[PDB]
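Peer 1: Contents of run.cif (mmCIF, N, CA and C atoms) are below:
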```cif
data_my_file
loop_
_atom_site.group_PDB
_atom_site.id
_atom_site.type_symbol
_atom_site.label_atom_id
_atom_site.label_comp_id
_atom_site.auth_asym_id
_atom_site.auth_seq_id
_atom_site.Cartn_x
_atom_site.Cartn_y
_atom_site.Cartn_z
ATOM 1 N N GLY A 1 77.492 97.839 73.484
ATOM 2 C CA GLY A 1 78.317 98.092 74.654
ATOM 3 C C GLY A 1 77.912 97.183 75.817
ATOM 4 N N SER A 2 78.626 97.336 76.922
ATOM 5 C CA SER A 2 78.353 96.539 78.106
ATOM 6 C C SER A 2 78.202 95.066 77.722
ATOM 7 N N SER A 3 79.324 94.362 77.750
ATOM 8 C CA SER A 3 79.330 92.950 77.409
ATOM 9 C C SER A 3 80.578 92.278 77.985
ATOM 10 N N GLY A 4 80.342 91.325 78.874
ATOM 11 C CA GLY A 4 81.433 90.601 79.503
ATOM 12 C C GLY A 4 82.178 89.737 78.483
ATOM 13 N N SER A 5 83.424 89.433 78.812
ATOM 14 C CA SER A 5 84.251 88.618 77.938
ATOM 15 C C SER A 5 85.076 87.632 78.767
ATOM 16 N N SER A 6 85.862 88.185 79.679
ATOM 17 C CA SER A 6 86.701 87.369 80.539
ATOM 18 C C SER A 6 87.710 86.586 79.695
ATOM 19 N N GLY A 7 88.961 86.643 80.124
ATOM 20 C CA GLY A 7 90.026 85.948 79.421
ATOM 21 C C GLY A 7 90.329 84.601 80.079
ATOM 22 N N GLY A 8 91.349 84.607 80.925
ATOM 23 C CA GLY A 8 91.750 83.399 81.624
ATOM 24 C C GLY A 8 90.812 83.106 82.797
ATOM 25 N N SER A 9 90.561 81.822 83.006
ATOM 26 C CA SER A 9 89.686 81.396 84.085
ATOM 27 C C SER A 9 90.478 80.582 85.110
ATOM 28 N N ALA A 10 91.033 81.292 86.083
ATOM 29 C CA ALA A 10 91.814 80.650 87.126
ATOM 30 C C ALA A 10 91.890 81.575 88.342
ATOM 31 N N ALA A 11 91.026 81.303 89.308
ATOM 32 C CA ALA A 11 90.985 82.099 90.523
ATOM 33 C C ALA A 11 90.632 83.544 90.168
ATOM 34 N N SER A 12 89.339 83.830 90.204
ATOM 35 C CA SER A 12 88.858 85.165 89.889
ATOM 36 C C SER A 12 87.791 85.589 90.899
ATOM 37 N N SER A 13 86.743 84.780 90.979
ATOM 38 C CA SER A 13 85.652 85.059 91.896
ATOM 39 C C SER A 13 86.199 85.302 93.304
ATOM 40 N N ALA A 14 86.898 84.299 93.815
ATOM 41 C CA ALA A 14 87.479 84.390 95.143
ATOM 42 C C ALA A 14 88.314 85.669 95.243
ATOM 43 N N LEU A 15 89.250 85.800 94.315
ATOM 44 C CA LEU A 15 90.118 86.965 94.286
ATOM 45 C C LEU A 15 89.280 88.225 94.509
ATOM 46 N N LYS A 16 88.270 88.382 93.665
ATOM 47 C CA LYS A 16 87.389 89.534 93.758
ATOM 48 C C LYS A 16 86.986 89.747 95.219
ATOM 49 N N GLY A 17 86.447 88.690 95.810
ATOM 50 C CA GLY A 17 86.017 88.747 97.197
ATOM 51 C C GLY A 17 86.984 89.584 98.037
ATOM 52 N N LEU A 18 88.227 89.126 98.082
ATOM 53 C CA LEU A 18 89.252 89.819 98.842
ATOM 54 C C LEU A 18 89.396 91.247 98.313
ATOM 55 N N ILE A 19 89.559 91.343 97.002
ATOM 56 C CA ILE A 19 89.709 92.639 96.360
ATOM 57 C C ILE A 19 88.662 93.603 96.917
ATOM 58 N N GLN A 20 87.427 93.125 96.961
ATOM 59 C CA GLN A 20 86.329 93.931 97.467
ATOM 60 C C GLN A 20 86.630 94.402 98.892
ATOM 61 N N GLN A 21 87.088 93.462 99.707
ATOM 62 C CA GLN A 21 87.415 93.766 101.090
ATOM 63 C C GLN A 21 88.514 94.828 101.154
ATOM 64 N N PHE A 22 89.428 94.746 100.198
ATOM 65 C CA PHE A 22 90.532 95.690 100.136
ATOM 66 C C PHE A 22 90.058 97.053 99.626
ATOM 67 N N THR A 23 89.392 97.022 98.481
ATOM 68 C CA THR A 23 88.882 98.243 97.879
ATOM 69 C C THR A 23 87.894 98.932 98.823
ATOM 70 N N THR A 24 87.387 98.153 99.767
ATOM 71 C CA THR A 24 86.435 98.672 100.734
ATOM 72 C C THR A 24 87.162 99.165 101.987
ATOM 73 N N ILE A 25 87.985 98.284 102.539
ATOM 74 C CA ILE A 25 88.742 98.616 103.734
ATOM 75 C C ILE A 25 89.646 99.815 103.444
ATOM 76 N N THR A 26 90.585 99.601 102.533
ATOM 77 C CA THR A 26 91.516 100.651 102.157
ATOM 78 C C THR A 26 90.785 101.771 101.414
ATOM 79 N N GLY A 27 90.170 101.398 100.302
ATOM 80 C CA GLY A 27 89.436 102.357 99.495
ATOM 81 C C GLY A 27 90.050 102.483 98.099
ATOM 82 N N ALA A 28 90.950 101.558 97.798
ATOM 83 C CA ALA A 28 91.615 101.554 96.506
ATOM 84 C C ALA A 28 90.717 100.864 95.477
ATOM 85 N N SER A 29 91.175 100.881 94.234
ATOM 86 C CA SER A 29 90.427 100.264 93.152
ATOM 87 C C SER A 29 90.716 98.763 93.107
ATOM 88 N N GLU A 30 89.910 98.061 92.322
ATOM 89 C CA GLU A 30 90.067 96.624 92.182
ATOM 90 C C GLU A 30 91.454 96.293 91.630
ATOM 91 N N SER A 31 91.745 96.857 90.468
ATOM 92 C CA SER A 31 93.028 96.631 89.825
ATOM 93 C C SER A 31 94.152 96.704 90.860
ATOM 94 N N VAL A 32 94.032 97.680 91.748
ATOM 95 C CA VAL A 32 95.027 97.870 92.790
ATOM 96 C C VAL A 32 94.968 96.692 93.765
ATOM 97 N N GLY A 33 93.768 96.438 94.265
ATOM 98 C CA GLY A 33 93.563 95.349 95.204
ATOM 99 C C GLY A 33 94.026 94.017 94.608
ATOM 100 N N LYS A 34 94.027 93.968 93.284
ATOM 101 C CA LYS A 34 94.442 92.765 92.581
ATOM 102 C C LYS A 34 95.970 92.686 92.574
ATOM 103 N N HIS A 35 96.591 93.854 92.508
ATOM 104 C CA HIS A 35 98.042 93.931 92.494
ATOM 105 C C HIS A 35 98.580 93.728 93.912
ATOM 106 N N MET A 36 97.835 94.251 94.874
ATOM 107 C CA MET A 36 98.224 94.135 96.270
ATOM 108 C C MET A 36 98.025 92.706 96.778
ATOM 109 N N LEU A 37 96.910 92.117 96.370
ATOM 110 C CA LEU A 37 96.589 90.759 96.775
ATOM 111 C C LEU A 37 97.439 89.776 95.966
ATOM 112 N N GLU A 38 97.942 90.265 94.842
ATOM 113 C CA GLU A 38 98.768 89.445 93.973
ATOM 114 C C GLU A 38 100.167 89.283 94.569
ATOM 115 N N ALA A 39 100.514 90.214 95.445
ATOM 116 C CA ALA A 39 101.816 90.185 96.091
ATOM 117 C C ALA A 39 101.651 89.716 97.539
ATOM 118 N N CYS A 40 100.452 89.241 97.840
ATOM 119 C CA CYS A 40 100.152 88.758 99.178
ATOM 120 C C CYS A 40 99.491 87.384 99.056
ATOM 121 N N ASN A 41 99.848 86.684 97.988
ATOM 122 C CA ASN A 41 99.299 85.360 97.745
ATOM 123 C C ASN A 41 97.788 85.388 97.979
ATOM 124 N N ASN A 42 97.182 86.501 97.590
ATOM 125 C CA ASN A 42 95.747 86.667 97.750
ATOM 126 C C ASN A 42 95.408 86.713 99.241
ATOM 127 N N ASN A 43 96.095 87.599 99.945
ATOM 128 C CA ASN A 43 95.878 87.753 101.373
ATOM 129 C C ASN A 43 95.574 89.220 101.684
ATOM 130 N N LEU A 44 94.301 89.489 101.934
ATOM 131 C CA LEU A 44 93.867 90.839 102.245
ATOM 132 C C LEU A 44 94.672 91.369 103.433
ATOM 133 N N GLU A 45 94.584 90.640 104.537
ATOM 134 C CA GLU A 45 95.295 91.023 105.745
ATOM 135 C C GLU A 45 96.686 91.556 105.395
ATOM 136 N N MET A 46 97.384 90.798 104.563
ATOM 137 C CA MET A 46 98.722 91.181 104.144
ATOM 138 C C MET A 46 98.677 92.391 103.207
ATOM 139 N N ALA A 47 97.867 92.264 102.167
ATOM 140 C CA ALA A 47 97.725 93.334 101.195
ATOM 141 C C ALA A 47 97.424 94.644 101.926
ATOM 142 N N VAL A 48 96.457 94.572 102.828
ATOM 143 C CA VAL A 48 96.065 95.740 103.599
ATOM 144 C C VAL A 48 97.266 96.244 104.402
ATOM 145 N N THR A 49 97.801 95.355 105.227
ATOM 146 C CA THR A 49 98.947 95.695 106.052
ATOM 147 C C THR A 49 100.090 96.226 105.185
ATOM 148 N N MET A 50 100.172 95.687 103.977
ATOM 149 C CA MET A 50 101.209 96.097 103.044
ATOM 150 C C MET A 50 100.908 97.478 102.459
ATOM 151 N N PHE A 51 99.730 97.588 101.864
ATOM 152 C CA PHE A 51 99.310 98.843 101.263
ATOM 153 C C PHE A 51 99.225 99.953 102.313
ATOM 154 N N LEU A 52 98.645 99.603 103.451
ATOM 155 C CA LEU A 52 98.497 100.556 104.538
ATOM 156 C C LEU A 52 99.868 101.129 104.899
ATOM 157 N N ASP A 53 100.737 100.248 105.373
ATOM 158 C CA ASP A 53 102.079 100.652 105.756
ATOM 159 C C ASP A 53 102.711 101.455 104.617
ATOM 160 N N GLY A 54 102.616 100.897 103.419
ATOM 161 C CA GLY A 54 103.172 101.547 102.245
ATOM 162 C C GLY A 54 102.190 102.570 101.669
ATOM 163 N N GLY A 55 102.055 103.679 102.380
ATOM 164 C CA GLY A 55 101.156 104.737 101.953
ATOM 165 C C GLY A 55 99.971 104.872 102.911
ATOM 166 N N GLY A 56 100.184 105.659 103.957
ATOM 167 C CA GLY A 56 99.147 105.878 104.951
ATOM 168 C C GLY A 56 98.742 107.353 105.002
ATOM 169 N N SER A 57 97.781 107.700 104.158
ATOM 170 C CA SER A 57 97.296 109.068 104.098
ATOM 171 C C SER A 57 95.973 109.121 103.331
ATOM 172 N N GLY A 58 94.905 109.368 104.074
ATOM 173 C CA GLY A 58 93.581 109.447 103.478
ATOM 174 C C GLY A 58 93.355 110.812 102.824
ATOM 175 N N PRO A 59 92.061 111.094 102.518
ATOM 176 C CA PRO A 59 91.697 112.355 101.893
ATOM 177 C C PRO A 59 91.744 113.502 102.903
ATOM 178 N N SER A 60 91.251 113.215 104.099
ATOM 179 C CA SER A 60 91.232 114.210 105.159
ATOM 180 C C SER A 60 90.972 113.533 106.507
ATOM 181 N N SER A 61 92.060 113.198 107.184
ATOM 182 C CA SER A 61 91.963 112.548 108.481
ATOM 183 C C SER A 61 93.155 112.945 109.355
ATOM 184 N N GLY A 62 92.889 113.051 110.648
ATOM 185 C CA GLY A 62 93.925 113.422 111.598
ATOM 186 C C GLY A 62 93.332 114.168 112.793
#
```
Could you show the structure in this file as structure tokens?

Peer 2:
Amino acid sequence: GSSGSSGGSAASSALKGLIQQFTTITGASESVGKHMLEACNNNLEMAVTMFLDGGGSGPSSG
């Protein structure tokens, strides 16, 4: 068990970076941050602004 594989090698490390910022800022998962950043040309600011606007409700805040 526990063994990396990786498929395609084209913009991953960087992507992660942002993803991390997203999964951290927002609190979503990577896969999500990857989908959000994937629709934001890999732009956290956008992904965030996008995800945020599109679904603004935490676990317990107000």

Peer 1: Please list as a PDB file with N, CA and C atoms, in the frame of the given file every residue within 12 Å of segment 52-57 of chain A, counting only C-alpha atoms and excluding residues in the same chain fewer than 2 positions away.

Peer 2:
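Result written to part.pdb:
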```pdb
ATOM      1  N   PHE A  22      89.428  94.746 100.198  1.00  0.00           N
ATOM      2  CA  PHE A  22      90.532  95.690 100.136  1.00  0.00           C
ATOM      3  C   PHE A  22      90.058  97.053  99.626  1.00  0.00           C
ATOM      4  N   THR A  23      89.392  97.022  98.481  1.00  0.00           N
ATOM      5  CA  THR A  23      88.882  98.243  97.879  1.00  0.00           C
ATOM      6  C   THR A  23      87.894  98.932  98.823  1.00  0.00           C
ATOM      7  N   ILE A  25      87.985  98.284 102.539  1.00  0.00           N
ATOM      8  CA  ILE A  25      88.742  98.616 103.734  1.00  0.00           C
ATOM      9  C   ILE A  25      89.646  99.815 103.444  1.00  0.00           C
ATOM     10  N   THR A  26      90.585  99.601 102.533  1.00  0.00           N
ATOM     11  CA  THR A  26      91.516 100.651 102.157  1.00  0.00           C
ATOM     12  C   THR A  26      90.785 101.771 101.414  1.00  0.00           C
ATOM     13  N   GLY A  27      90.170 101.398 100.302  1.00  0.00           N
ATOM     14  CA  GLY A  27      89.436 102.357  99.495  1.00  0.00           C
ATOM     15  C   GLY A  27      90.050 102.483  98.099  1.00  0.00           C
ATOM     16  N   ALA A  28      90.950 101.558  97.798  1.00  0.00           N
ATOM     17  CA  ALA A  28      91.615 101.554  96.506  1.00  0.00           C
ATOM     18  C   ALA A  28      90.717 100.864  95.477  1.00  0.00           C
ATOM     19  N   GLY A  33      93.768  96.438  94.265  1.00  0.00           N
ATOM     20  CA  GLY A  33      93.563  95.349  95.204  1.00  0.00           C
ATOM     21  C   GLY A  33      94.026  94.017  94.608  1.00  0.00           C
ATOM     22  N   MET A  36      97.835  94.251  94.874  1.00  0.00           N
ATOM     23  CA  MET A  36      98.224  94.135  96.270  1.00  0.00           C
ATOM     24  C   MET A  36      98.025  92.706  96.778  1.00  0.00           C
ATOM     25  N   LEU A  44      94.301  89.489 101.934  1.00  0.00           N
ATOM     26  CA  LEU A  44      93.867  90.839 102.245  1.00  0.00           C
ATOM     27  C   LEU A  44      94.672  91.369 103.433  1.00  0.00           C
ATOM     28  N   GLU A  45      94.584  90.640 104.537  1.00  0.00           N
ATOM     29  CA  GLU A  45      95.295  91.023 105.745  1.00  0.00           C
ATOM     30  C   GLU A  45      96.686  91.556 105.395  1.00  0.00           C
ATOM     31  N   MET A  46      97.384  90.798 104.563  1.00  0.00           N
ATOM     32  CA  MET A  46      98.722  91.181 104.144  1.00  0.00           C
ATOM     33  C   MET A  46      98.677  92.391 103.207  1.00  0.00           C
ATOM     34  N   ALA A  47      97.867  92.264 102.167  1.00  0.00           N
ATOM     35  CA  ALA A  47      97.725  93.334 101.195  1.00  0.00           C
ATOM     36  C   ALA A  47      97.424  94.644 101.926  1.00  0.00           C
ATOM     37  N   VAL A  48      96.457  94.572 102.828  1.00  0.00           N
ATOM     38  CA  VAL A  48      96.065  95.740 103.599  1.00  0.00           C
ATOM     39  C   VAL A  48      97.266  96.244 104.402  1.00  0.00           C
ATOM     40  N   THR A  49      97.801  95.355 105.227  1.00  0.00           N
ATOM     41  CA  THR A  49      98.947  95.695 106.052  1.00  0.00           C
ATOM     42  C   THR A  49     100.090  96.226 105.185  1.00  0.00           C
ATOM     43  N   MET A  50     100.172  95.687 103.977  1.00  0.00           N
ATOM     44  CA  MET A  50     101.209  96.097 103.044  1.00  0.00           C
ATOM     45  C   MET A  50     100.908  97.478 102.459  1.00  0.00           C
ATOM     46  N   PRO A  59      92.061 111.094 102.518  1.00  0.00           N
ATOM     47  CA  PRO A  59      91.697 112.355 101.893  1.00  0.00           C
ATOM     48  C   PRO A  59      91.744 113.502 102.903  1.00  0.00           C
ATOM     49  N   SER A  60      91.251 113.215 104.099  1.00  0.00           N
ATOM     50  CA  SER A  60      91.232 114.210 105.159  1.00  0.00           C
ATOM     51  C   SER A  60      90.972 113.533 106.507  1.00  0.00           C
ATOM     52  N   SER A  61      92.060 113.198 107.184  1.00  0.00           N
ATOM     53  CA  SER A  61      91.963 112.548 108.481  1.00  0.00           C
ATOM     54  C   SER A  61      93.155 112.945 109.355  1.00  0.00           C
ATOM     55  N   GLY A  62      92.889 113.051 110.648  1.00  0.00           N
ATOM     56  CA  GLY A  62      93.925 113.422 111.598  1.00  0.00           C
ATOM     57  C   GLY A  62      93.332 114.168 112.793  1.00  0.00           C
TER      58      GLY A  62
END
```

Peer 1: Give me, please, the distance in Å between atom CA of residue 58 of chain A and atom CA of residue 13 of chain A, quoted to one decimal.

Peer 2: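 Going from atom CA of residue 58 of chain A over to atom CA of residue 13 of chain A covers 28.1 Å.
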
Peer 1: So which residues of chain A fall under alpha helix (DSSP H) by DSSP, listed as a PyMOL selection string?

Peer 2: chain A and resi 13-25+30-38+44-53

Peer 1: How many Å lie between atom N of residue 34 of chain A and atom N of residue 19 of chain A, rounded to one decimal?

Peer 2: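 A separation of 6.4 Å between them.
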
Peer 1: When you draw a straight line from atom CA of residue 43 of chain A to atom N of residue 18 of chain A, how long is it in Å?

Peer 2: 8.4 Å

Peer 1: Need the axis-aligned box for segment 28-38 of chain A with 5 Å each side, so what are the centre and edges in Å to one decimal, as JSON?

Peer 2:
```
{"center_x": 95.0, "center_y": 95.4, "center_z": 93.8, "size_x": 20.3, "size_y": 22.3, "size_z": 18.0}
```
